Amino acid sequence: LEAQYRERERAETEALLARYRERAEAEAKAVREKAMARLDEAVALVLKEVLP
Amino acid sequence: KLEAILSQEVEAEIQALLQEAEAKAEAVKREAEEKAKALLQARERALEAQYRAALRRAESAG
């Protein structure tokens, strides 16, 4: 009973991780693409603050 | 005459006894089935907890 309970959690706790890995890199990707299209705006904001 | 039959009046008292102890050899087995069973109800719940716990940890990690 132990044996098939330990093998129950293992065969889910690799699948769950594997799937979380797919989501981690898409949710990294989901902030990069927003940022590079709201880019000229950061640069411009910073500039007008380093000429003082 | 009772001679051989004389012995069947004992074999009937000493058959009453032997059935009273096969009414204890049943009771003993009842309690022992209800024991063996309960050791696996505890086995079931504790493992269930350790599987609830193992997936919850692995979600917070994920």
# chains A, B, ... in the order shown; residues from 1 in each chain; ligands from 1
call {"tool": "interface_residues", "arguments": {"of": "chain B", "to": "chain A", "cutoff": "9 Å", "atoms": "only C-alpha atoms", "output": "number ranges by chain"}}
result
B: 43-44, 47-48, 50-52, 54-55, 58-59, 61-62
call {"tool": "atom_distance", "arguments": {"atom1": "CA of residue 57 (chain B)", "atom2": "CA of residue 15 (chain A)"}}
result
14.0 Å
call {"tool": "select_by_dssp", "arguments": {"residues": "chain A", "states": "helix (DSSP H, G or I)", "output": "ChimeraX atom specification"}}
result
/A:3-10,15-36,40-47
call {"tool": "write_last_selection", "arguments": {"atoms": "N, CA and C atoms", "output": "short mmCIF file (atom, residue, chain, number, x, y, z; two decimals), in the first residue's frame"}}
result
data_model
loop_
_atom_site.label_atom_id
_atom_site.label_comp_id
_atom_site.auth_asym_id
_atom_site.auth_seq_id
_atom_site.Cartn_x
_atom_site.Cartn_y
_atom_site.Cartn_z
N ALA A 3 3.98 1.35 -1.17
CA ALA A 3 4.62 1.21 -2.43
C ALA A 3 3.88 1.84 -3.55
N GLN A 4 2.56 1.76 -3.60
CA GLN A 4 1.72 2.33 -4.64
C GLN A 4 1.13 3.65 -4.27
N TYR A 5 1.55 4.24 -3.14
CA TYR A 5 1.12 5.54 -2.71
C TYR A 5 2.26 6.55 -3.02
N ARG A 6 3.54 6.10 -2.80
CA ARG A 6 4.80 6.69 -3.13
C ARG A 6 5.05 6.82 -4.61
N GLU A 7 4.54 5.80 -5.36
CA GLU A 7 4.52 5.75 -6.82
C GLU A 7 3.36 6.47 -7.35
N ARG A 8 2.28 6.77 -6.51
CA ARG A 8 1.13 7.60 -6.93
C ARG A 8 1.53 9.01 -7.02
N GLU A 9 2.21 9.53 -5.91
CA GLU A 9 2.64 10.96 -5.84
C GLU A 9 3.77 11.19 -6.87
N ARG A 10 4.73 10.22 -7.08
CA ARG A 10 5.87 10.48 -7.93
C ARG A 10 5.34 10.77 -9.36
N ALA A 15 4.98 15.11 -13.59
CA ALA A 15 4.05 15.64 -14.62
C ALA A 15 3.72 17.11 -14.27
N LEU A 16 3.46 17.39 -12.97
CA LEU A 16 3.08 18.73 -12.51
C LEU A 16 4.20 19.72 -12.70
N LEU A 17 5.41 19.32 -12.32
CA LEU A 17 6.61 20.10 -12.53
C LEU A 17 6.83 20.35 -14.02
N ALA A 18 6.86 19.28 -14.88
CA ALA A 18 7.02 19.41 -16.30
C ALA A 18 6.10 20.41 -16.91
N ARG A 19 4.84 20.46 -16.51
CA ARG A 19 3.84 21.37 -17.00
C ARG A 19 4.05 22.82 -16.45
N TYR A 20 4.44 23.00 -15.18
CA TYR A 20 4.78 24.26 -14.58
C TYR A 20 5.95 24.87 -15.30
N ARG A 21 6.96 24.06 -15.72
CA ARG A 21 8.06 24.52 -16.59
C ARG A 21 7.68 25.16 -17.89
N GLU A 22 6.63 24.66 -18.54
CA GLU A 22 6.04 25.17 -19.80
C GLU A 22 5.41 26.55 -19.50
N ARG A 23 4.74 26.65 -18.35
CA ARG A 23 4.03 27.86 -18.01
C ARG A 23 5.07 28.87 -17.61
N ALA A 24 6.19 28.49 -16.86
CA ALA A 24 7.17 29.48 -16.36
C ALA A 24 7.76 30.26 -17.52
N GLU A 25 8.30 29.64 -18.55
CA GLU A 25 8.91 30.30 -19.71
C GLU A 25 7.87 31.12 -20.56
N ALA A 26 6.55 30.72 -20.65
CA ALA A 26 5.43 31.55 -21.29
C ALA A 26 5.06 32.80 -20.52
N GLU A 27 5.26 32.81 -19.19
CA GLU A 27 4.94 33.90 -18.26
C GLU A 27 6.12 34.76 -18.03
N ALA A 28 7.31 34.25 -18.41
CA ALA A 28 8.46 35.08 -18.63
C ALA A 28 8.32 35.86 -19.92
N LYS A 29 8.04 35.20 -21.05
CA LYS A 29 7.68 35.68 -22.40
C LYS A 29 6.51 36.69 -22.36
N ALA A 30 5.59 36.60 -21.38
CA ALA A 30 4.48 37.42 -21.41
C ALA A 30 4.75 38.76 -20.83
N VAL A 31 5.86 38.91 -19.99
CA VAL A 31 6.22 40.22 -19.54
C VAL A 31 7.24 40.83 -20.48
N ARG A 32 8.15 40.02 -21.19
CA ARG A 32 9.18 40.60 -22.07
C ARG A 32 8.49 41.36 -23.17
N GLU A 33 7.50 40.74 -23.85
CA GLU A 33 6.93 41.31 -25.11
C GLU A 33 6.13 42.69 -24.87
N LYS A 34 5.55 42.80 -23.68
CA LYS A 34 4.91 43.99 -23.22
C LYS A 34 5.87 45.09 -23.06
N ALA A 35 7.02 44.81 -22.54
CA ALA A 35 8.07 45.69 -22.15
C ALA A 35 8.81 46.29 -23.27
N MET A 36 9.04 45.45 -24.36
CA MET A 36 9.86 45.95 -25.48
C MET A 36 8.96 46.81 -26.38
N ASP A 40 10.63 52.76 -25.70
CA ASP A 40 11.04 54.14 -25.98
C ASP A 40 10.59 55.03 -24.95
N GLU A 41 9.46 54.76 -24.27
CA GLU A 41 8.93 55.43 -23.09
C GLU A 41 9.78 55.35 -21.78
N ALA A 42 10.36 54.15 -21.41
CA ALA A 42 11.30 54.10 -20.25
C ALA A 42 12.53 54.89 -20.49
N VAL A 43 13.15 54.67 -21.70
CA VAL A 43 14.40 55.32 -22.07
C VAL A 43 14.30 56.84 -22.01
N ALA A 44 13.19 57.32 -22.57
CA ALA A 44 12.92 58.76 -22.61
C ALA A 44 12.72 59.32 -21.20
N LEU A 45 11.99 58.58 -20.37
CA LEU A 45 11.73 59.00 -19.00
C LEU A 45 13.02 59.10 -18.20
N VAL A 46 13.88 58.09 -18.33
CA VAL A 46 15.15 58.06 -17.62
C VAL A 46 16.06 59.20 -18.07
N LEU A 47 16.20 59.35 -19.38
CA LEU A 47 17.05 60.40 -19.94
C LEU A 47 16.80 61.73 -19.25
#
call {"tool": "atom_distance", "arguments": {"atom1": "CA of residue 11 (chain A)", "atom2": "CA of residue 49 (chain B)"}}
result
16.8 Å
call {"tool": "decode", "arguments": {"residues": "region 4-24 of chain A", "atoms": "N, CA and C atoms", "output": "short mmCIF file (atom, residue, chain, number, x, y, z; two decimals), in the first residue's frame"}}
result
data_model
loop_
_atom_site.label_atom_id
_atom_site.label_comp_id
_atom_site.auth_asym_id
_atom_site.auth_seq_id
_atom_site.Cartn_x
_atom_site.Cartn_y
_atom_site.Cartn_z
N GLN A 4 2.56 1.76 -3.60
CA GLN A 4 1.72 2.33 -4.64
C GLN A 4 1.13 3.65 -4.27
N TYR A 5 1.55 4.24 -3.14
CA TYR A 5 1.12 5.54 -2.71
C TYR A 5 2.26 6.55 -3.02
N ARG A 6 3.54 6.10 -2.80
CA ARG A 6 4.80 6.69 -3.13
C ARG A 6 5.05 6.82 -4.61
N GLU A 7 4.54 5.80 -5.36
CA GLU A 7 4.52 5.75 -6.82
C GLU A 7 3.36 6.47 -7.35
N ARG A 8 2.28 6.77 -6.51
CA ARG A 8 1.13 7.60 -6.93
C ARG A 8 1.53 9.01 -7.02
N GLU A 9 2.21 9.53 -5.91
CA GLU A 9 2.64 10.96 -5.84
C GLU A 9 3.77 11.19 -6.87
N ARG A 10 4.73 10.22 -7.08
CA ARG A 10 5.87 10.48 -7.93
C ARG A 10 5.34 10.77 -9.36
N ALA A 11 4.38 9.96 -9.88
CA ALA A 11 3.92 9.97 -11.29
C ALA A 11 2.99 11.16 -11.63
N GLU A 12 2.70 11.96 -10.57
CA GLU A 12 1.95 13.21 -10.68
C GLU A 12 3.00 14.33 -10.48
N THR A 13 3.89 14.25 -9.38
CA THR A 13 4.97 15.24 -9.08
C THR A 13 6.23 15.31 -10.00
N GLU A 14 6.12 14.69 -11.16
CA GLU A 14 7.01 14.95 -12.27
C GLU A 14 6.20 15.58 -13.25
N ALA A 15 4.98 15.11 -13.59
CA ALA A 15 4.05 15.64 -14.62
C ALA A 15 3.72 17.11 -14.27
N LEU A 16 3.46 17.39 -12.97
CA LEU A 16 3.08 18.73 -12.51
C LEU A 16 4.20 19.72 -12.70
N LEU A 17 5.41 19.32 -12.32
CA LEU A 17 6.61 20.10 -12.53
C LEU A 17 6.83 20.35 -14.02
N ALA A 18 6.86 19.28 -14.88
CA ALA A 18 7.02 19.41 -16.30
C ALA A 18 6.10 20.41 -16.91
N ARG A 19 4.84 20.46 -16.51
CA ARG A 19 3.84 21.37 -17.00
C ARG A 19 4.05 22.82 -16.45
N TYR A 20 4.44 23.00 -15.18
CA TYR A 20 4.78 24.26 -14.58
C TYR A 20 5.95 24.87 -15.30
N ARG A 21 6.96 24.06 -15.72
CA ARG A 21 8.06 24.52 -16.59
C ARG A 21 7.68 25.16 -17.89
N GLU A 22 6.63 24.66 -18.54
CA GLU A 22 6.04 25.17 -19.80
C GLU A 22 5.41 26.55 -19.50
N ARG A 23 4.74 26.65 -18.35
CA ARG A 23 4.03 27.86 -18.01
C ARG A 23 5.07 28.87 -17.61
N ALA A 24 6.19 28.49 -16.86
CA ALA A 24 7.17 29.48 -16.36
C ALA A 24 7.76 30.26 -17.52
#
